[PDB]
């Protein structure tokens, strides 16, 4: 459950348990992976803000009512009220997180200072050239995707990992290729492979719907056996299924992931393609931004190595009177 209640503010990100969101009033959704939507369902009855692709997927697959889903266009600043009359406001800018379709970071600006919240993301130098991040503003808290914050874990770039996958498939001209994925993500990798090997990617109807939003080449189909590359759920890649698949057609299987996965069959390949920043990329990202502090988004994973990258700490800003009133609840008063 990798979401956050931002302290001293009415802001929640990827956090949907109202029982525990005592003072939260403004709700944000970075992307549609299940660990960022725990407790989010058709019963949701509060305004939430997200990217247009996330807004489409959220209504489509979790049946949150459209009236509560406020799509904000990525890369445009938006003013949002922090009290009942918009006396106090903040600016939020969504920025591409380069993690999966719809994934964004949130730059929050208001009485509380400047907060960058990465959500899940994969850093690239182009990120630091975003206009919203090139104005010299000091970031006070950086909420960081620390999924791969392990100095022992080295990863190639996505481009290099994709190259390794191309090299491997070239050695298997007569093989079907199972690509084991999560429900959302890596569609751009599927497109690169379909173009390289002049073949169709076979997908489920749910993933074909999503691909329509992405502006990718016309290389995807639901038609069974229409091409050599088959997008499958990552859990389907196992020894037992290799033995079933091979009764119809020679098959190899690829798990593009940073996770450490023992290969149980000679034709199952684990290749460290990743949609999260590597440790070295996190170090570059934080050293460039020099925030006053770093707070991990992923509670169960390590976060460290940025002590010498921080700017001098700043005192906790006072909450404006009007926002205090907005965050209050009659349930926390007597009578």
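Positions refer to the first chain, counted from 1.
Comparing 297 to 305 with 26 to 34, the higher mean C-alpha B-factor in the PDB entry belongs to 297 to 305. Comparing 311 to 319 with 5 to 13, the stretch with the higher mean C-alpha B-factor in the PDB entry is 311 to 319. If you compare the C-alpha temperature factors of 124, 251, 103, 118 in the entry, 124 comes out highest. The PDB entry gives the largest Cα B-factor of the residues 180, 113, 185, 215 to 113. Placement of the Cα temperature factor of residue 277 within the chain: lowest third of the modelled residues, per the deposited record. Looking at the C-alpha B-factors along this chain, the one for residue 231 belongs to the lowest third. Annotation for residue 49: C-alpha temperature factor in the lowest third relative to the rest of the modelled chain, per the entry. In this PDB entry, residue 61 carries a Cα temperature factor that places it within the highest third of its chain's modelled residues. In the deposited entry, the Cα temperature factor of residue 256 places it in the middle third of its chain's modelled residues.
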